[PDB]
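Asks: I'd like to ask some things about the structure below.
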Amino acid sequence: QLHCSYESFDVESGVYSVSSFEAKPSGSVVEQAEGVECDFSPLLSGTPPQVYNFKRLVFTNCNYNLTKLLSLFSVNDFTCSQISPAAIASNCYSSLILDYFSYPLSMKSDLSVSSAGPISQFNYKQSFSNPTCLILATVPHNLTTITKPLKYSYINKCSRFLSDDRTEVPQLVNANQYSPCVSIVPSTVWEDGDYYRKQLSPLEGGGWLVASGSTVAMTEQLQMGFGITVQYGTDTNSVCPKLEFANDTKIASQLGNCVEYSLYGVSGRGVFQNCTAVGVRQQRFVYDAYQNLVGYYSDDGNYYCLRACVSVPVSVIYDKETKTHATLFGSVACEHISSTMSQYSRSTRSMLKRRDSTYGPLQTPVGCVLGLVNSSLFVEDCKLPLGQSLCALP
Amino acid sequence: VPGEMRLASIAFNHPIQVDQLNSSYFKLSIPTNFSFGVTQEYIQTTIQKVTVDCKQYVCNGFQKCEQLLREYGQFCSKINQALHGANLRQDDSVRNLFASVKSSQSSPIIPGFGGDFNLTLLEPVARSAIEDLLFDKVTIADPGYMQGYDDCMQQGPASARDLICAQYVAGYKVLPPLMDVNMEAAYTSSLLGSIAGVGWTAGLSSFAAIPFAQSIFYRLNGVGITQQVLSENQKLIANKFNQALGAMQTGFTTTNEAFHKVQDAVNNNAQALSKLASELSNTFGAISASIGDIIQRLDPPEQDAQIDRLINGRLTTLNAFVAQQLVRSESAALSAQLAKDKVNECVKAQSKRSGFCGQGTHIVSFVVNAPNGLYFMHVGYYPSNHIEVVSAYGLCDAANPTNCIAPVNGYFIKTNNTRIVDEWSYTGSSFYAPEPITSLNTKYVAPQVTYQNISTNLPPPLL
Amino acid sequence: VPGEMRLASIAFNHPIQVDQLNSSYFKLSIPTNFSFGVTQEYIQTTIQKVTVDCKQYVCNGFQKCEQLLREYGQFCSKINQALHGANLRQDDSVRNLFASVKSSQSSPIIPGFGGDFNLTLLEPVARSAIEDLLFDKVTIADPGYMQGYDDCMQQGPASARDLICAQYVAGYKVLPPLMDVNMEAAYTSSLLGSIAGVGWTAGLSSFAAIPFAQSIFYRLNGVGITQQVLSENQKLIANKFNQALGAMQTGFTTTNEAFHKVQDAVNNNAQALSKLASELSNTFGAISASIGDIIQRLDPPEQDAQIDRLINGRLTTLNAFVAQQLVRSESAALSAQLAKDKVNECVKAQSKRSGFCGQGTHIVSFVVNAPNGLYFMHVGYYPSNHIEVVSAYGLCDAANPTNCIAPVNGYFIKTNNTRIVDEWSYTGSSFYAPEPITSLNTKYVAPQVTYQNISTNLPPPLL
Ligand SMILES: *[C@@H]1O[C@H](CO)[C@@H](O[C@@H]2O[C@H](CO)[C@@H](O)[C@H](O)[C@H]2NC(C)=O)[C@H](O)[C@H]1NC(C)=O
Ligand SMILES: *[C@@H]1O[C@H](CO)[C@@H](O[C@@H]2O[C@H](CO)[C@@H](O)[C@H](O)[C@H]2NC(C)=O)[C@H](O)[C@H]1NC(C)=O
Ligand SMILES: *[C@@H]1O[C@H](CO)[C@@H](O[C@@H]2O[C@H](CO)[C@@H](O)[C@H](O)[C@H]2NC(C)=O)[C@H](O)[C@H]1NC(C)=O
Ligand SMILES: *[C@@H]1O[C@H](CO)[C@@H](O[C@@H]2O[C@H](CO)[C@@H](O)[C@H](O)[C@H]2NC(C)=O)[C@H](O)[C@H]1NC(C)=O
Ligand SMILES: *[C@@H]1O[C@H](CO)[C@@H](O[C@@H]2O[C@H](CO)[C@@H](O)[C@H](O)[C@H]2NC(C)=O)[C@H](O)[C@H]1NC(C)=O
Ligand SMILES: *[C@@H]1O[C@H](CO)[C@@H](O[C@@H]2O[C@H](CO)[C@@H](O)[C@H](O)[C@H]2NC(C)=O)[C@H](O)[C@H]1NC(C)=O
Ligand SMILES: *[C@@H]1O[C@H](CO)[C@@H](O)[C@H](O)[C@H]1NC(C)=O
Ligand SMILES: *[C@@H]1O[C@H](CO)[C@@H](O)[C@H](O)[C@H]1NC(C)=O
Ligand SMILES: *[C@@H]1O[C@H](CO)[C@@H](O)[C@H](O)[C@H]1NC(C)=O
Ligand SMILES: *[C@@H]1O[C@H](CO)[C@@H](O)[C@H](O)[C@H]1NC(C)=O
Ligand SMILES: *[C@@H]1O[C@H](CO)[C@@H](O)[C@H](O)[C@H]1NC(C)=O
């Protein structure tokens with residue numbers, strides 16, 4: 001590594017830094033759960049809403065397997081903004097939200113989360129603060145408990161007339177909100193190009209609510225769409241994929257020095273310790289001013305502190321005059337040192353072994369070193385000081 | 001409830017006025033009282049030495065970023081080389097400083113050194129109690145190296161708050177100081193051993209090996225205090241001296257600016273490390289500060305768009321950091337040169353320059369170890385109770401115009417003392433202490449019109 | 001082949017201890033041997049001066065660039081102005097330095113100058129042998145401007161690898177040095193001829209015109225060596241001096257730290273140019289590093305987007321470059337001020353303050369031209385073989401405690417020499433050498449209790 005950094009076959013003698021050890025990671029434990037299967041029965045019957053009438057299901061505290069739902073419909077459009085679709089299925093969340101509606105596929109050209117179509121202008125919008133997904137699908141012939149709208153319908157305009165009869169105020173739909181115009185529009189649009197109006201209250205300054213809409217012919221199989229968003233959180237993450245914890249065989253309280261973990265869907269890696277229990281109790285985790293996890297409350301009544309894991313710094317002593325080298329592992333000390341490392345740094349360290357395969361490691365006041373030899377000599381200047389009073393002679 | 005703040009004029013002290021006089025004689029101002037006192041200075045000599053890992057700071061073993069990073073691997077190479085050169089410069093300055101600190105020879109040092117002078121600076125044979133007071137007053141984080149790594153590890157208290165355990169997260173490495181505090185203690189004791197002294201010519205070969213008090217009296221005569229005064233007041237001098245020294249126990253306060261500078265040297269180092277740590281959490285518009293998190297959440301074709309944003313901002317922080325370190329390193333080197341200069345002047349000898357050292361003429365000064373630098377103390381001489389007297393430019397024999405004399409390091413003043421029958425008397429220039437005029441305190445000079453014409457009794461020349 | 005490296009403690013060289021005696025007399029340490037020796041230092045005074053064509057660095061005159069840059073034309077003006085000012089500062093510093101280097105008068109210089117001393121620094125009547133040793137050891141590319149154009153061009157050797165001809169591609173220009181090297185050599189010959197006078201009540205008004213050796217002897221009495229010793233050892237002195245001088249031919253190795261600094265100054269100048277050159281190939285995500293490639297393959301709506309991206313990164317590196325030059329130029333100016341101070345102290349005259357110059361008291365020093373700066377050499381005195389002797393604060397007539405004496409620039413020591421019948425003897429302070437006490441070596445002082453009481457034979461004064 002040193003030769004490559006200097007683009008040469010002859011690095012000047014000195015002590016040089018090299019990349020650190022990864023500190024030997026180990027298998028995962030989790031503290032997720034619990035909850036019951038998320039009831040998805042509202043989607044199994046009746047007619048789905050017009051694009052301005054959306055149904056919503058908030059899911060908390062429950063378990064899911066979305067592929068079970070996928071088997072129920074043929075999906076003709078799958079897309080997820082800011083998240084892979086595989087991940088959104090496997091992720092655990094503070095909430096899961098599903099919006100669902102009837103939607104002809106003739107209108108699919110006008111719908112994407114970023115679309116400029118009238119469906120997104122006036123009937124539905126999604127926040128981009130949260131990752132999203134979209135699904136378009138149709139009903140199988142054996143799902144007849146679900147039924148068709150007389151016609152598919154949508155609002156293609158939503159604005160309010162100014163009270164002075166010369167100007168008009170447009171009203172694009174707000175993300176995650178019903179358009180205001182829904183208060184006047186009928187549950188279906190009776191005819192394409194129908195429009196409606198309501199006088200605004202005097203508290204609104206007067207003027208008129210205005211809206212208009214359009215329809216699409218009914219189809220042999222019902223066509224529908226879905227909107228999906230998710231919400232991140234910490235100790236609120238009770239929505240999860242169905243989980244199986246068999247043969248961990250143990251979770252928290254089993255140590256460990258570096259282990260992978262997830263707690264309520266919060267990933268990390270580290271070592272835990274049995275410690276006190278600073279407040280606030282039952283707040284799930286605990287964080288520092290830099291938003292790094294400090295520790296965590298558990299259902300065994302034990303507060304665990306978290307130290308992440310500790311990497312090992314490395315440096316190399318290089319003597320170009322004799323073409324020899326030696327190493328220092330720093331403050332880590334020889335007690336964590338072994339003849340080989342799984343921790344790990346570079347694929348081999350055998351060049352050190354050319355002499356050090358035959359000797360034990362040597363502790364020094366700065367730290368453990370390899371191939372140094374304790375001569376107890378006193379020399380005024382090694383031109384290779386190791387810091388403090390340490391000195392490597394050529 | 002406290003009173004309202006009060007607007008006020010800034011005071012201006014006026015110098016004591018001395019009216020100019022015409023003719024062959026003039027008014028002279030001389031102190032009649034004095035006190036020892038001290039001043040202090042802190043000269044930083046080093047920047048804490050650190051190195052970084054452009055491979056651990058940017059990303060942490062994720063294979064996707066490692067491959068992305070390879071296109072930028074040369075930036076890390078520049079970073080590492082630059083930091084390495086900065087650290088070499090820091091070690092150069094240390095060795096260069098010590099080369100002047102060392103003396104070819106010194107006195108042994110024992111307790112009770114300095115006689116009646118208190119000398120609290122003596123080691124508890126050790127460093128010194130004064131150096132330890134400084135270290136206790138300093139708010140610096142618990143030290144590195146041993147036990148090090150095991151204070152990051154669960155085998156210690158949950159209350160540790162050291163950035164040093166974060167050293168093993170951030171990829172920071174803190175290099176050890178070259179000097180080794182025990183060798184440092186040896187060097188400062190060696191400087192105390194060079195005391196007594198510098199006087200007696202150059203002092204650049206020979207070593208006088210005399211009692212401390214004697215070197216002090218020598219310095220006092222070097223500022224125009226008469227030898228006679230020094231012999232009469234010997235205990236008084238030691239008493240005033242130790243009062244000034246005793247004040248050092250109150251010197252470790254926030255109003256002591258030298259002390260304040262020491263604390264800010266520590267503060268600056270801590271801040272630099274905290275900056276890099278805080279940036280680990282800084283998204284650059286990336287979905288998360290964690291690389292593993294964005295990998296887990298994203299399909300790889302989109303995944304590295306996010307990774308790229310994150311990598312570039314992390315590299316930018318490292319570049320800024322290096323530039324800052326290079327600047328600070330250079331300022332330390334220059335500051336170290338100043339320290340070396342004062343060691344070879346303000347400490348190794350009495351100085352006539354004013355300016356350097358505390359503002360009270362100059363008398364012996366001392367130096368002790370301080371974090372990242374040297375801390376100096378300067379004993380000084382502060383005049384008080386100035387009085388005005390009549391004085392003459394010189395004297396001559398009125399019977400022979402070529403007999404003309406002038407005082408050496410002192411003045412001829414009209415006598416105001418009942419012990420002296422002579423109309424004129426010699427005084428020291430640092431203190432009012434009239435005495436008879438004798439050949440020891442005067443020299444022959446060419447005649448001048450302003451010299452007084454003495455028609456009667458002058459002993460130098462008798463005729 | 002060689003074995004394992006050996007761990008070792010860093011040695012601490014202890015000062016020679018001298019016991020602190022407790023009565024009217026004391027141990028005194030004095031060297032019994034000495035040697036000449038030298039030290040060297042390099043002080044940069046200038047940096048290479050460059051200018052940059054701000055159109056050529058960015059583009060090769062392709063017309064799309066000629067229009068696109070109009071939006072950014074003020075950046076170039078700022079770049080040119082900043083670089084131009086930096087170059088003006090370098091010229092100011094050079095003129096200021098030479099203004100004090102010159103002397104109103106000097107000795108003519110001839111072969112055989114300095115008598116028995118070898119004086120290899122003398123010009124080969126050119127520059128000097130020492131200056132050429134330095135220039136040959138330096139790895140810097142040969143300078144242009146007479147012409148060097150044909151080492152770029154097809155009218156020359158295929159082996160040229162000079163950054164100099166890359167200057168005609170990148171639009172770099174290295175400015176010629178402010179002065180002809182021959183004039184600079186003349187100024188240092190004037191410095192050689194400025195020796196002798198070396199003193200005598202400022203000497204700015206005069207020139208002693210005396211032999212070099214003669215001026216050296218005055219310098220030697222300036223450090224407390226007695227004259228009698230000097231007269232007897234003159235040939236010995238010349239031999240030791242020339243051994244120290246001869247070592248300079250082996251001094252030009254990389255193990256010489258001052259030499260190493262010279263090479264790095266050269267390395268830095270070349271390095272700055274290479275940085276700019278490497279950036280010419282740095283794509284900024286543009287389809288190619290070449291503007292012409294971008295033009296040849298693209299429809300103009302895309303072509304211009306690619307070119308602007310390329311331009312923005314090119315300008316950004318120029319801005320960083322300018323900032324780097326401004327910093328280095330400033331540090332050079334400060335360094336030049338230091339050199340000026342040393343020339344008017346450490347070189348033109350002996351200095352007693354220590355610290356400065358070589359670490360061996362001070363005796364004459366020399367300076368020669370070096371790339372981008374001055375290279376100083378300092379002759380110095382190193383004491384050796386120290387012994388302890390008995391000494392007294394002063395001597396007196398026990399019959400008349402109203403007149404006592406003390407040595408001038410020397411000490412009173414108990415006699416250990418069979419030649420001298422006297423109980424006490426004078427010595428030089430730089431070198432052990434007993435002599436009878438005479439009025440030339442003494443001054444009258446006020447009496448003190450620690451002075452010895454001689455009740456019999458004391459000739460200075462007998463009465
Ligand atoms: C010279 O002045 C000093 C201080 O100005 C005198 O010291 C006295 O010190 C004691 C101890 O702190 C104080 O309580 C007194 O108030 C001081 N006296 C005065 C007048 O300030 C010292 O005595 C003076 N020496 C003389 C006049 O010979
Ligand atoms: C002078 O030195 C003496 C010691 O010889 C110091 O006296 C000690 O001071 C410490 C610090 O408070 C006390 O813990 C000891 O009890 C003191 N010794 C005795 C015997 O009481 C003293 O502080 C020094 N300074 C001055 C101004 O006297
Ligand atoms: C007596 O004092 C006077 C002045 O106080 C001395 O100076 C003389 O002053 C006059 C007036 O300017 C000059 O013309 C004389 O030339 C001065 N004398 C000399 C020697 O220059 C005067 O010398 C004194 N008489 C003595 C010392 O005998
Ligand atoms: C006095 O000093 C001289 C100068 O250093 C000494 O002479 C040199 O001694 C070294 C010691 O190894 C030899 O290598 C040199 O060859 C000697 N040079 C000459 C010109 O003699 C001398 O030995 C010293 N004498 C004493 C008694 O210390
Ligand atoms: C200084 O004296 C040295 C002798 O050490 C001279 O160097 C030698 O000069 C002779 C000329 O007869 C050459 O043949 C040798 O090769 C030289 N020795 C070397 C280069 O190591 C030198 O010429 C003298 N210089 C001056 C200016 O007097
Ligand atoms: C002889 O030497 C002594 C010291 O060894 C001189 O000093 C005297 O020392 C005693 C005791 O310390 C004091 O009481 C006297 O006051 C000292 N003398 C003076 C003048 O202060 C002593 O003076 C010498 N005798 C001579 C020169 O005749
Ligand atoms: C009745 O309704 C409208 C606002 O909705 C307004 O004209 C009137 O102020 C309301 N009555 C009262 C008492 O506010
Ligand atoms: C360890 O945790 C258990 C609860 O799981 C608790 O009872 C015990 O006191 C803890 N021990 C320490 C030393 O904190
Ligand atoms: C190395 O040698 C020194 C010499 O005394 C000895 O004290 C020490 O115990 C040895 N071992 C280590 C690990 O330092
Ligand atoms: C005062 O000084 C002036 C200076 O010009 C001089 O002319 C004059 O003689 C002096 N004496 C008096 C009494 O003015
Ligand atoms: C000599 O020793 C005595 C104590 O025995 C001490 O008081 C005196 O100060 C000493 N003289 C010096 C240090 O000159």
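For the structure tokens, the naming scheme is as follows: chains receive sequential letters (A, B, ...) according to their order of presentation, residues are indexed from 1 within each chain, and ligands are indexed from 1 in presentation order.
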Report as a PyMOL selection string all protein, DNA and RNA residues lying within 8 Å of residue 189 (chain A), evaluated on only C-alpha atoms, omitting residues in the same chain fewer than 5 positions from it.
Replies: chain A and resi 153-154+194+213-215
Asks: Ligand 2: which residues are within 8 Å, counting only C-alpha atoms and all ligand atoms, as a list in words?
Replies: residues 112, 118, 119, 120, 242, 243, 245, 246 and 247 of chain B
Asks: Taking all C-alpha atoms matched one to one in order, superimpose chain B on chain C and note the resulting RMSD in Å.
Replies: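 Per the least-squares fit, the RMSD is 0.5 Å.
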Asks: Within 6 Å of ligand 7, counting only C-alpha atoms and all ligand atoms: which residues, as a ChimeraX atom specification?
Replies: /A:201-203
Asks: Could you tell me, as a VMD selection string, which residues of region 84-209 of chain A DSSP assigns to helix (DSSP H, G or I) when given the backbone?
Replies: chain A and resid 85 to 90 105 to 110 118 to 123 180 to 183 202 to 204
Asks: Can I get the residues of chain B within 9 Å of ligand 1, each with the closest pair of atoms and their distance in Å to one decimal, using only C-alpha atoms and all ligand atoms, sorted chain first then ascending number, as a tab-separated table?
Replies:
```
residue	atom	partner	partner_atom_place_in_ligand_line	distance
B:32	CA	ligand 1	28 (O)	7.3
B:33	CA	ligand 1	1 (C)	4.8
B:34	CA	ligand 1	1 (C)	6.2
B:35	CA	ligand 1	3 (C)	7.4
B:384	CA	ligand 1	2 (O)	7.0
B:385	CA	ligand 1	1 (C)	7.5
```
Asks: At a cut-off of 8 Å, which residues of chain B touch chain C? Count only C-alpha atoms and give the answer as an NGL selection string.
Replies: :B and (100 or 102-108 or 183 or 190 or 200-202 or 204-211 or 227 or 340-341 or 344-345 or 440)
Asks: Store the residues picked out above in a file with N, CA and C atoms, as a PDB file, in the first residue's frame.
Replies:
```pdb
ATOM      1  N   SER B 100      18.811  23.625  22.024  1.00  0.00           N
ATOM      2  CA  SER B 100      19.273  24.785  22.749  1.00  0.00           C
ATOM      3  C   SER B 100      18.998  24.697  24.229  1.00  0.00           C
ATOM      4  N   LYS B 102      19.445  22.090  26.200  1.00  0.00           N
ATOM      5  CA  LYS B 102      20.519  21.364  26.831  1.00  0.00           C
ATOM      6  C   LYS B 102      21.745  22.223  27.092  1.00  0.00           C
ATOM      7  N   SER B 103      22.425  21.940  28.197  1.00  0.00           N
ATOM      8  CA  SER B 103      23.677  22.608  28.523  1.00  0.00           C
ATOM      9  C   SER B 103      24.762  21.594  28.643  1.00  0.00           C
ATOM     10  N   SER B 104      25.976  21.991  28.296  1.00  0.00           N
ATOM     11  CA  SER B 104      27.099  21.091  28.456  1.00  0.00           C
ATOM     12  C   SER B 104      27.352  20.727  29.912  1.00  0.00           C
ATOM     13  N   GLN B 105      26.979  21.627  30.821  1.00  0.00           N
ATOM     14  CA  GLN B 105      27.177  21.395  32.235  1.00  0.00           C
ATOM     15  C   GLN B 105      26.137  22.071  33.109  1.00  0.00           C
ATOM     16  N   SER B 106      25.915  21.513  34.298  1.00  0.00           N
ATOM     17  CA  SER B 106      24.984  22.132  35.229  1.00  0.00           C
ATOM     18  C   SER B 106      25.281  21.798  36.682  1.00  0.00           C
ATOM     19  N   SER B 107      24.723  22.580  37.590  1.00  0.00           N
ATOM     20  CA  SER B 107      24.760  22.233  38.998  1.00  0.00           C
ATOM     21  C   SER B 107      23.785  21.091  39.267  1.00  0.00           C
ATOM     22  N   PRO B 108      24.086  20.214  40.219  1.00  0.00           N
ATOM     23  CA  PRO B 108      23.181  19.265  40.832  1.00  0.00           C
ATOM     24  C   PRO B 108      22.139  20.087  41.549  1.00  0.00           C
ATOM     25  N   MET B 183      11.639  12.835  29.962  1.00  0.00           N
ATOM     26  CA  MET B 183      12.791  13.525  29.408  1.00  0.00           C
ATOM     27  C   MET B 183      12.591  15.006  29.470  1.00  0.00           C
ATOM     28  N   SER B 190      17.574  20.744  33.940  1.00  0.00           N
ATOM     29  CA  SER B 190      18.867  21.136  33.455  1.00  0.00           C
ATOM     30  C   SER B 190      18.969  22.628  33.308  1.00  0.00           C
ATOM     31  N   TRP B 200      29.638  37.136  34.903  1.00  0.00           N
ATOM     32  CA  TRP B 200      31.059  36.832  34.803  1.00  0.00           C
ATOM     33  C   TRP B 200      31.478  36.632  33.349  1.00  0.00           C
ATOM     34  N   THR B 201      31.354  37.690  32.554  1.00  0.00           N
ATOM     35  CA  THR B 201      31.721  37.646  31.142  1.00  0.00           C
ATOM     36  C   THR B 201      30.636  37.003  30.281  1.00  0.00           C
ATOM     37  N   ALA B 202      31.064  36.211  29.302  1.00  0.00           N
ATOM     38  CA  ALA B 202      30.154  35.539  28.397  1.00  0.00           C
ATOM     39  C   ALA B 202      29.353  34.422  29.032  1.00  0.00           C
ATOM     40  N   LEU B 204      29.677  31.415  28.305  1.00  0.00           N
ATOM     41  CA  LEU B 204      29.415  30.461  27.242  1.00  0.00           C
ATOM     42  C   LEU B 204      30.381  29.295  27.196  1.00  0.00           C
ATOM     43  N   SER B 205      31.278  29.251  28.152  1.00  0.00           N
ATOM     44  CA  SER B 205      32.250  28.200  28.258  1.00  0.00           C
ATOM     45  C   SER B 205      32.256  27.717  29.680  1.00  0.00           C
ATOM     46  N   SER B 206      32.715  28.596  30.545  1.00  0.00           N
ATOM     47  CA  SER B 206      32.807  28.363  31.958  1.00  0.00           C
ATOM     48  C   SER B 206      31.480  28.228  32.662  1.00  0.00           C
ATOM     49  N   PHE B 207      31.496  27.519  33.780  1.00  0.00           N
ATOM     50  CA  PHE B 207      30.318  27.454  34.633  1.00  0.00           C
ATOM     51  C   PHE B 207      30.679  27.946  36.017  1.00  0.00           C
ATOM     52  N   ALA B 208      30.069  29.064  36.412  1.00  0.00           N
ATOM     53  CA  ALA B 208      30.405  29.716  37.674  1.00  0.00           C
ATOM     54  C   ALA B 208      30.164  28.888  38.918  1.00  0.00           C
ATOM     55  N   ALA B 209      29.067  28.131  38.973  1.00  0.00           N
ATOM     56  CA  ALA B 209      28.817  27.250  40.113  1.00  0.00           C
ATOM     57  C   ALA B 209      28.795  28.003  41.438  1.00  0.00           C
ATOM     58  N   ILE B 210      27.978  29.036  41.537  1.00  0.00           N
ATOM     59  CA  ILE B 210      27.935  29.842  42.755  1.00  0.00           C
ATOM     60  C   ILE B 210      26.533  29.767  43.320  1.00  0.00           C
ATOM     61  N   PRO B 211      26.305  30.170  44.560  1.00  0.00           N
ATOM     62  CA  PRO B 211      25.001  30.151  45.180  1.00  0.00           C
ATOM     63  C   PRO B 211      24.061  31.044  44.423  1.00  0.00           C
ATOM     64  N   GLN B 227      26.273  48.485  45.563  1.00  0.00           N
ATOM     65  CA  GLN B 227      26.666  47.311  46.303  1.00  0.00           C
ATOM     66  C   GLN B 227      26.385  47.458  47.784  1.00  0.00           C
ATOM     67  N   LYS B 340      12.511  29.392  21.340  1.00  0.00           N
ATOM     68  CA  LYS B 340      13.919  29.110  21.344  1.00  0.00           C
ATOM     69  C   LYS B 340      14.734  30.354  21.571  1.00  0.00           C
ATOM     70  N   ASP B 341      14.271  31.464  21.010  1.00  0.00           N
ATOM     71  CA  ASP B 341      14.991  32.696  21.173  1.00  0.00           C
ATOM     72  C   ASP B 341      14.977  33.174  22.600  1.00  0.00           C
ATOM     73  N   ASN B 344      17.319  31.302  24.782  1.00  0.00           N
ATOM     74  CA  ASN B 344      18.696  31.701  24.602  1.00  0.00           C
ATOM     75  C   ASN B 344      18.942  33.151  24.928  1.00  0.00           C
ATOM     76  N   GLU B 345      17.968  33.811  25.526  1.00  0.00           N
ATOM     77  CA  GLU B 345      18.177  35.164  25.939  1.00  0.00           C
ATOM     78  C   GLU B 345      17.493  35.440  27.237  1.00  0.00           C
ATOM     79  N   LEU B 440      36.080  54.868  42.723  1.00  0.00           N
ATOM     80  CA  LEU B 440      35.436  53.661  42.242  1.00  0.00           C
ATOM     81  C   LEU B 440      34.176  53.914  41.432  1.00  0.00           C
TER      82      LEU B 440
END
```
Asks: Hey, which residues sit close to ligand 3? Say within 8 Å, counting only C-alpha atoms and all ligand atoms, and write them as an MDAnalysis selection string.
Replies: chainID B and resid 24 396:402 447:454
Asks: Take the selection from the previous step and output its residues with N, CA, C and O atoms, as a CSV table (one decimal), in the first residue's frame.
Replies:
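Below is the file that was written, part_26.csv:
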```
chain,number,residue,atom,x,y,z
B,24,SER,N,23.1,74.7,33.7
B,24,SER,CA,24.1,73.6,33.9
B,24,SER,C,23.7,72.5,34.9
B,24,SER,O,24.5,71.6,35.2
B,396,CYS,N,34.2,69.5,37.9
B,396,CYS,CA,35.6,69.7,37.6
B,396,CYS,C,36.2,70.5,38.7
B,396,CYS,O,35.6,71.2,39.5
B,397,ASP,N,37.6,70.5,38.7
B,397,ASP,CA,38.4,71.3,39.6
B,397,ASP,C,38.3,72.8,39.1
B,397,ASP,O,38.8,73.0,38.0
B,398,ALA,N,37.9,73.7,39.9
B,398,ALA,CA,37.9,75.0,39.4
B,398,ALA,C,39.3,75.6,39.2
B,398,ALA,O,39.5,76.5,38.5
B,399,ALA,N,40.3,75.0,40.0
B,399,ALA,CA,41.7,75.4,39.9
B,399,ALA,C,42.3,74.8,38.6
B,399,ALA,O,43.4,75.3,38.2
B,400,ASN,N,41.7,73.9,38.0
B,400,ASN,CA,42.3,73.2,36.8
B,400,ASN,C,41.2,72.6,35.9
B,400,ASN,O,40.8,71.5,36.2
B,401,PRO,N,40.8,73.3,34.9
B,401,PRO,CA,39.8,73.0,33.9
B,401,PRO,C,39.9,71.6,33.3
B,401,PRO,O,38.9,71.1,32.7
B,402,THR,N,41.1,71.0,33.3
B,402,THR,CA,41.2,69.7,32.6
B,402,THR,C,40.9,68.6,33.6
B,402,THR,O,40.8,67.4,33.2
B,447,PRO,N,36.5,67.8,29.5
B,447,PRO,CA,35.8,68.9,30.0
B,447,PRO,C,34.6,69.4,29.2
B,447,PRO,O,34.6,69.3,28.0
B,448,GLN,N,33.6,69.9,29.9
B,448,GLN,CA,32.5,70.5,29.2
B,448,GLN,C,32.0,71.7,30.0
B,448,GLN,O,32.1,71.7,31.2
B,449,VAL,N,31.4,72.6,29.3
B,449,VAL,CA,30.9,73.8,29.9
B,449,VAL,C,29.8,73.7,30.9
B,449,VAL,O,29.6,74.6,31.8
B,450,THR,N,29.1,72.6,30.9
B,450,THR,CA,28.1,72.4,31.9
B,450,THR,C,28.6,71.8,33.2
B,450,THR,O,27.8,71.7,34.2
B,451,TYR,N,29.8,71.3,33.3
B,451,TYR,CA,30.3,70.7,34.5
B,451,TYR,C,30.4,71.8,35.6
B,451,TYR,O,30.7,72.9,35.3
B,452,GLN,N,30.1,71.4,36.8
B,452,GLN,CA,30.2,72.4,37.9
B,452,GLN,C,31.7,72.7,38.2
B,452,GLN,O,32.5,71.8,38.2
B,453,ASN,N,31.9,73.9,38.5
B,453,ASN,CA,33.3,74.3,39.0
B,453,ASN,C,33.4,74.2,40.5
B,453,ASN,O,32.9,75.1,41.2
B,454,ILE,N,34.0,73.2,40.9
B,454,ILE,CA,34.2,73.0,42.4
B,454,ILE,C,35.5,73.7,42.8
B,454,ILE,O,36.6,73.2,42.4
```
Asks: Please identify every polymer residue within 10 Å of ligand 9, using only C-alpha atoms and all ligand atoms, and present the set as a list in words.
Replies: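 Written in the requested form, the residues are residues 361, 362, 363, 364, 365, 368, 373, 374, 375, 376 and 377 of chain A; 7, 8 and 9 of chain C.
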